[PDB]
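As provided, run.tsv (TSV, N, CA and C atoms) reads as follows.
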chain	number	residue	atom	x	y	z
E	28	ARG	N	104.29	85.37	118.65
E	28	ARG	CA	103.39	85.54	117.48
E	28	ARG	C	104.18	85.53	116.18
E	29	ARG	N	103.82	84.60	115.29
E	29	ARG	CA	104.48	84.49	114.00
E	29	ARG	C	103.78	85.36	112.96
E	30	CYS	N	104.53	86.30	112.39
E	30	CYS	CA	103.98	87.21	111.39
E	30	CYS	C	104.16	86.67	109.98
E	31	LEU	N	104.32	87.57	109.01
E	31	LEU	CA	104.50	87.18	107.61
E	31	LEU	C	105.61	86.15	107.46
E	32	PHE	N	106.55	86.15	108.40
E	32	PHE	CA	107.67	85.21	108.37
E	32	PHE	C	107.15	83.77	108.35
E	33	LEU	N	105.89	83.62	108.74
E	33	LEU	CA	105.24	82.31	108.78
E	33	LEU	C	105.41	81.57	107.46
E	34	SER	N	105.02	82.22	106.36
E	34	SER	CA	105.12	81.61	105.04
E	34	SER	C	106.54	81.73	104.48
E	35	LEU	N	107.27	82.74	104.94
E	35	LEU	CA	108.64	82.96	104.49
E	35	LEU	C	109.56	81.82	104.95
E	36	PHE	N	109.23	81.23	106.09
E	36	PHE	CA	110.01	80.14	106.65
E	36	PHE	C	109.76	78.84	105.89
E	37	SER	N	108.66	78.79	105.14
E	37	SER	CA	108.30	77.61	104.37
E	37	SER	C	109.25	77.40	103.20
E	38	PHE	N	109.88	78.49	102.75
E	38	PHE	CA	110.81	78.43	101.63
E	38	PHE	C	112.11	77.73	102.03
E	39	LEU	N	112.51	77.91	103.29
E	39	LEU	CA	113.73	77.30	103.79
E	39	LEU	C	113.63	75.78	103.80
E	40	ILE	N	112.40	75.27	103.84
E	40	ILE	CA	112.16	73.83	103.85
E	40	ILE	C	112.15	73.26	102.44
E	41	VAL	N	111.32	73.83	101.57
E	41	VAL	CA	111.21	73.37	100.20
E	41	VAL	C	112.54	73.53	99.46
E	42	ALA	N	113.38	74.44	99.95
E	42	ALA	CA	114.68	74.69	99.34
E	42	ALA	C	115.49	73.40	99.23
E	43	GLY	N	115.34	72.53	100.23
E	43	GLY	CA	116.06	71.27	100.23
E	43	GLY	C	115.45	70.27	99.27
E	44	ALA	N	114.14	70.35	99.09
E	44	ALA	CA	113.44	69.44	98.19
E	44	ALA	C	113.68	69.81	96.74
E	45	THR	N	113.89	71.10	96.49
E	45	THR	CA	114.14	71.59	95.14
E	45	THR	C	115.56	71.28	94.70
E	46	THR	N	116.46	71.14	95.68
E	46	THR	CA	117.85	70.83	95.39
E	46	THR	C	117.98	69.43	94.80
E	47	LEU	N	117.18	68.50	95.31
E	47	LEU	CA	117.20	67.12	94.83
E	47	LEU	C	116.88	67.08	93.33
E	48	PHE	N	115.86	67.84	92.94
E	48	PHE	CA	115.44	67.90	91.54
E	48	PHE	C	116.50	68.60	90.69
E	49	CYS	N	116.92	69.78	91.13
E	49	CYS	CA	117.92	70.56	90.41
E	49	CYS	C	119.25	69.82	90.35
E	50	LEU	N	119.46	68.91	91.29
E	50	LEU	CA	120.70	68.13	91.34
E	50	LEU	C	120.89	67.34	90.05
E	51	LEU	N	119.90	66.53	89.72
E	51	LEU	CA	119.95	65.71	88.51
E	51	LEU	C	119.97	66.58	87.26
E	52	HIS	N	119.41	67.78	87.38
E	52	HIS	CA	119.36	68.72	86.27
E	52	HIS	C	120.74	69.31	85.98
E	53	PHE	N	121.60	69.30	87.00
E	53	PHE	CA	122.95	69.83	86.85
E	53	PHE	C	123.91	68.77	86.34
E	54	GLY	N	123.60	67.51	86.64
E	54	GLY	CA	124.44	66.41	86.20
E	54	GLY	C	125.33	65.89	87.31
E	55	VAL	N	124.89	66.05	88.55
E	55	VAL	CA	125.65	65.59	89.70
E	55	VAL	C	125.44	64.10	89.94
E	56	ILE	N	125.94	63.29	89.01
E	56	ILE	CA	125.80	61.84	89.12
E	56	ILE	C	127.17	61.17	89.19
E	57	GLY	N	127.69	61.02	90.40
E	57	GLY	CA	128.99	60.40	90.58
E	57	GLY	C	129.11	59.68	91.92
E	58	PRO	N	129.42	60.41	93.01
E	58	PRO	CA	129.57	59.81	94.34
E	58	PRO	C	128.24	59.26	94.87
E	59	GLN	N	127.25	60.14	95.00
E	59	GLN	CA	125.93	59.75	95.49
E	59	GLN	C	126.02	59.18	96.90
E	60	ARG	N	125.65	59.98	97.89
E	60	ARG	CA	125.68	59.56	99.28
E	60	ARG	C	124.59	58.53	99.57

Write-out of the structure in structure tokens:
Amino acid sequence: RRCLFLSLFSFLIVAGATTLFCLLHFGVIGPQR
């Protein structure tokens, strides 16, 4: 049974999507995989 952690685990996913945006905001434009 998944409790409140249900929605809490959703943050671990979006965390990667937010990094892409914040990446360009930091100025990480060089190697680029």

> atom CA of residue 46 of chain E and atom CA of residue 60 of chain E are how many Å apart?
Replying inline: 14.3 Å

> DSSP on the backbone: what in chain E comes out helix (DSSP H, G or I), as a ChimeraX atom specification?
Replying inline: /E:32-35,37-53

Create the file for the chosen residues now, containing N, CA and C atoms and written as a PDB file, keeping the file's coordinate frame.
ATOM      1  N   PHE E  32     106.550  86.150 108.400  1.00  0.00           N
ATOM      2  CA  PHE E  32     107.670  85.210 108.370  1.00  0.00           C
ATOM      3  C   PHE E  32     107.150  83.770 108.350  1.00  0.00           C
ATOM      4  N   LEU E  33     105.890  83.620 108.740  1.00  0.00           N
ATOM      5  CA  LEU E  33     105.240  82.310 108.780  1.00  0.00           C
ATOM      6  C   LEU E  33     105.410  81.570 107.460  1.00  0.00           C
ATOM      7  N   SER E  34     105.020  82.220 106.360  1.00  0.00           N
ATOM      8  CA  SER E  34     105.120  81.610 105.040  1.00  0.00           C
ATOM      9  C   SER E  34     106.540  81.730 104.480  1.00  0.00           C
ATOM     10  N   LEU E  35     107.270  82.740 104.940  1.00  0.00           N
ATOM     11  CA  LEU E  35     108.640  82.960 104.490  1.00  0.00           C
ATOM     12  C   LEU E  35     109.560  81.820 104.950  1.00  0.00           C
ATOM     13  N   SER E  37     108.660  78.790 105.140  1.00  0.00           N
ATOM     14  CA  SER E  37     108.300  77.610 104.370  1.00  0.00           C
ATOM     15  C   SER E  37     109.250  77.400 103.200  1.00  0.00           C
ATOM     16  N   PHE E  38     109.880  78.490 102.750  1.00  0.00           N
ATOM     17  CA  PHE E  38     110.810  78.430 101.630  1.00  0.00           C
ATOM     18  C   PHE E  38     112.110  77.730 102.030  1.00  0.00           C
ATOM     19  N   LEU E  39     112.510  77.910 103.290  1.00  0.00           N
ATOM     20  CA  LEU E  39     113.730  77.300 103.790  1.00  0.00           C
ATOM     21  C   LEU E  39     113.630  75.780 103.800  1.00  0.00           C
ATOM     22  N   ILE E  40     112.400  75.270 103.840  1.00  0.00           N
ATOM     23  CA  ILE E  40     112.160  73.830 103.850  1.00  0.00           C
ATOM     24  C   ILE E  40     112.150  73.260 102.440  1.00  0.00           C
ATOM     25  N   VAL E  41     111.320  73.830 101.570  1.00  0.00           N
ATOM     26  CA  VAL E  41     111.210  73.370 100.200  1.00  0.00           C
ATOM     27  C   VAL E  41     112.540  73.530  99.460  1.00  0.00           C
ATOM     28  N   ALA E  42     113.380  74.440  99.950  1.00  0.00           N
ATOM     29  CA  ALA E  42     114.680  74.690  99.340  1.00  0.00           C
ATOM     30  C   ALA E  42     115.490  73.400  99.230  1.00  0.00           C
ATOM     31  N   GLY E  43     115.340  72.530 100.230  1.00  0.00           N
ATOM     32  CA  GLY E  43     116.060  71.270 100.230  1.00  0.00           C
ATOM     33  C   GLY E  43     115.450  70.270  99.270  1.00  0.00           C
ATOM     34  N   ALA E  44     114.140  70.350  99.090  1.00  0.00           N
ATOM     35  CA  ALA E  44     113.440  69.440  98.190  1.00  0.00           C
ATOM     36  C   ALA E  44     113.680  69.810  96.740  1.00  0.00           C
ATOM     37  N   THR E  45     113.890  71.100  96.490  1.00  0.00           N
ATOM     38  CA  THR E  45     114.140  71.590  95.140  1.00  0.00           C
ATOM     39  C   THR E  45     115.560  71.280  94.700  1.00  0.00           C
ATOM     40  N   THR E  46     116.460  71.140  95.680  1.00  0.00           N
ATOM     41  CA  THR E  46     117.850  70.830  95.390  1.00  0.00           C
ATOM     42  C   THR E  46     117.980  69.430  94.800  1.00  0.00           C
ATOM     43  N   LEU E  47     117.180  68.500  95.310  1.00  0.00           N
ATOM     44  CA  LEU E  47     117.200  67.120  94.830  1.00  0.00           C
ATOM     45  C   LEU E  47     116.880  67.080  93.330  1.00  0.00           C
ATOM     46  N   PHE E  48     115.860  67.840  92.940  1.00  0.00           N
ATOM     47  CA  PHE E  48     115.440  67.900  91.540  1.00  0.00           C
ATOM     48  C   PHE E  48     116.500  68.600  90.690  1.00  0.00           C
ATOM     49  N   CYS E  49     116.920  69.780  91.130  1.00  0.00           N
ATOM     50  CA  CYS E  49     117.920  70.560  90.410  1.00  0.00           C
ATOM     51  C   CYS E  49     119.250  69.820  90.350  1.00  0.00           C
ATOM     52  N   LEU E  50     119.460  68.910  91.290  1.00  0.00           N
ATOM     53  CA  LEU E  50     120.700  68.130  91.340  1.00  0.00           C
ATOM     54  C   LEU E  50     120.890  67.340  90.050  1.00  0.00           C
ATOM     55  N   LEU E  51     119.900  66.530  89.720  1.00  0.00           N
ATOM     56  CA  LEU E  51     119.950  65.710  88.510  1.00  0.00           C
ATOM     57  C   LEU E  51     119.970  66.580  87.260  1.00  0.00           C
ATOM     58  N   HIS E  52     119.410  67.780  87.380  1.00  0.00           N
ATOM     59  CA  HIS E  52     119.360  68.720  86.270  1.00  0.00           C
ATOM     60  C   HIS E  52     120.740  69.310  85.980  1.00  0.00           C
ATOM     61  N   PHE E  53     121.600  69.300  87.000  1.00  0.00           N
ATOM     62  CA  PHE E  53     122.950  69.830  86.850  1.00  0.00           C
ATOM     63  C   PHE E  53     123.910  68.770  86.340  1.00  0.00           C
TER      64      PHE E  53
END

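Interatomic distance, atom C of residue 37 of chain E to atom C of residue 52 of chain E: 22.2 Å.
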
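Here atom CA of residue 54 of chain E and atom CA of residue 41 of chain E stand 20.5 Å from one another.
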